2 protein chains.
Amino acid sequence: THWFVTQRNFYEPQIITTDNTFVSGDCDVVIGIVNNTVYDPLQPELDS
Amino acid sequence: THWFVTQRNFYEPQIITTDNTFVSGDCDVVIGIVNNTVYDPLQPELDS
Ligand SMILES: *[C@@H]1O[C@H](CO)[C@@H](O[C@@H]2O[C@H](CO)[C@@H](O)[C@H](O)[C@H]2NC(C)=O)[C@H](O)[C@H]1NC(C)=O
Ligand SMILES: *[C@@H]1O[C@H](CO)[C@@H](O[C@@H]2O[C@H](CO)[C@@H](O)[C@H](O)[C@H]2NC(C)=O)[C@H](O)[C@H]1NC(C)=O
Ligand SMILES: *[C@@H]1O[C@H](CO)[C@@H](O)[C@H](O)[C@H]1NC(C)=O
């Protein structure tokens, strides 16, 4: 149901965050791309 | 005109940002240092 990022030698899922991913390009030129949400922890801090 | 940071084996320029850099010392003990401006995306996030 959810998506996580983990290492390739031990199972240790983490929730997707901007600190864990690297952004580049557009959503057209990648085969097999899947859609989900990339979170941002700074928004609650800014709103508070 | 502009200064970028890129990898060594494939030309892919990224905009100079405080996330890509690392701070140490002052501007007197490095030969060939160059004046420029290091941007910061935190200010628009915390202001706008
Ligand atoms: C993104 O998720 C959606 C929903 O599953 C997929 O469907 C398309 O999404 C884009 C933008 O998210 C829309 O512009 C299209 O109209 C959607 N097509 C539909 C609903 O048939 C999409 O495949 C996912 N991936 C991308 C890259 O959009
Ligand atoms: C470019 O960098 C040099 C050295 O970092 C600057 O030279 C110094 O500038 C300060 C004030 O900006 C002065 O107080 C010093 O006397 C200057 N020293 C020398 C040896 O010139 C220079 O001003 C910088 N230029 C710009 C446009 O920022
Ligand atoms: C390269 O050599 C020139 C000599 O004309 C000098 O002015 C310049 O500072 C040198 N650049 C570096 C990075 O040392």
# chains A, B, ... in the order shown; residues from 1 in each chain; ligands from 1
>>> interface_residues(of="chain A", to="chain B", cutoff="9 Å", atoms="only C-alpha atoms", output="list in words")
residues 42, 43 and 46 of chain A
>>> select_by_dssp(residues="chain B", states="strand (DSSP E)", output="ChimeraX atom specification")
/B:4-5,14-15
>>> residues_around(residues="residue 35 (chain B)", least_positions_apart="6", cutoff="12 Å", atoms="only C-alpha atoms", output="number ranges by chain")
B: 2-3, 27
>>> residues_near_ligand(ligand="ligand 3", cutoff="9 Å", atoms="only C-alpha atoms and all ligand atoms", output="PyMOL selection string")
chain B and resi 31-34
>>> residues_around(residues="residue 38 (chain A)", least_positions_apart="6", cutoff="9 Å", atoms="only C-alpha atoms", output="ChimeraX atom specification")
/A:15-18,21
>>> select_by_dssp(residues="chain B", states="helix (DSSP H, G or I)", output="ChimeraX atom specification")
/B:42-47
>>> closest_residue(among="A:11, A:28, A:37, A:4", to="ligand 1", atoms="only C-alpha atoms and all ligand atoms")
A:28
>>> decode(residues="region 17-36 of chain B", atoms="N, CA, C and O atoms", output="compact mmCIF listing (two decimals), in the first residue's frame")
# COMPACT_ATOMS: atom_id res chain seq x y z
N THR B 17 24.50 25.94 -4.65
CA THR B 17 23.56 25.99 -3.54
C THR B 17 24.28 25.53 -2.28
O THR B 17 25.26 24.80 -2.33
N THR B 18 23.77 25.99 -1.13
CA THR B 18 24.36 25.64 0.16
C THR B 18 24.25 24.16 0.48
O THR B 18 24.96 23.68 1.38
N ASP B 19 23.40 23.41 -0.22
CA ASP B 19 23.33 21.97 -0.01
C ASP B 19 24.51 21.24 -0.65
O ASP B 19 24.93 20.20 -0.14
N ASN B 20 25.04 21.77 -1.74
CA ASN B 20 26.13 21.13 -2.46
C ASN B 20 27.51 21.51 -1.93
O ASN B 20 28.50 20.91 -2.37
N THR B 21 27.60 22.46 -1.01
CA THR B 21 28.88 22.99 -0.57
C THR B 21 29.15 22.61 0.88
O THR B 21 28.34 21.97 1.55
N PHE B 22 30.33 23.02 1.34
CA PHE B 22 30.81 22.72 2.68
C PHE B 22 31.77 23.83 3.10
O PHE B 22 32.66 24.20 2.33
N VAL B 23 31.58 24.36 4.31
CA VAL B 23 32.25 25.58 4.75
C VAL B 23 33.43 25.22 5.63
O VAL B 23 33.36 24.30 6.45
N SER B 24 34.53 25.97 5.47
CA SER B 24 35.72 25.78 6.29
C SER B 24 36.66 26.97 6.17
O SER B 24 36.99 27.41 5.06
N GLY B 25 37.11 27.50 7.31
CA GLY B 25 38.12 28.54 7.32
C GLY B 25 37.63 29.88 6.78
O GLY B 25 36.44 30.20 6.78
N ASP B 26 38.60 30.66 6.30
CA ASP B 26 38.32 31.99 5.76
C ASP B 26 38.89 32.14 4.35
O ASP B 26 39.35 31.17 3.75
N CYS B 27 38.87 33.37 3.82
CA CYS B 27 39.24 33.64 2.44
C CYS B 27 40.67 34.17 2.31
O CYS B 27 40.93 35.04 1.47
N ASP B 28 41.61 33.67 3.11
CA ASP B 28 42.98 34.15 3.06
C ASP B 28 44.02 33.06 2.83
O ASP B 28 45.13 33.39 2.40
N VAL B 29 43.70 31.80 3.09
CA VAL B 29 44.68 30.73 3.03
C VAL B 29 44.39 29.75 1.89
O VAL B 29 44.84 28.61 1.93
N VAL B 30 43.64 30.18 0.88
CA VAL B 30 43.35 29.36 -0.29
C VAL B 30 43.79 30.13 -1.52
O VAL B 30 43.34 31.26 -1.75
N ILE B 31 44.66 29.52 -2.32
CA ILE B 31 45.18 30.15 -3.53
C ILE B 31 44.20 29.93 -4.67
O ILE B 31 43.68 28.82 -4.85
N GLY B 32 43.95 30.97 -5.45
CA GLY B 32 43.06 30.88 -6.58
C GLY B 32 41.58 30.95 -6.25
O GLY B 32 40.76 30.60 -7.11
N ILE B 33 41.22 31.38 -5.05
CA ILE B 33 39.81 31.49 -4.68
C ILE B 33 39.14 32.57 -5.52
O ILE B 33 39.78 33.54 -5.96
N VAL B 34 37.84 32.40 -5.76
CA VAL B 34 37.10 33.24 -6.69
C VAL B 34 35.86 33.79 -5.98
O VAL B 34 35.13 33.03 -5.32
N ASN B 35 35.63 35.09 -6.12
CA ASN B 35 34.42 35.70 -5.57
C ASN B 35 33.19 35.21 -6.33
O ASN B 35 33.19 35.12 -7.56
N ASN B 36 32.12 34.92 -5.59
CA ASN B 36 30.83 34.59 -6.17
C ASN B 36 29.79 34.68 -5.06
O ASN B 36 30.10 35.05 -3.93
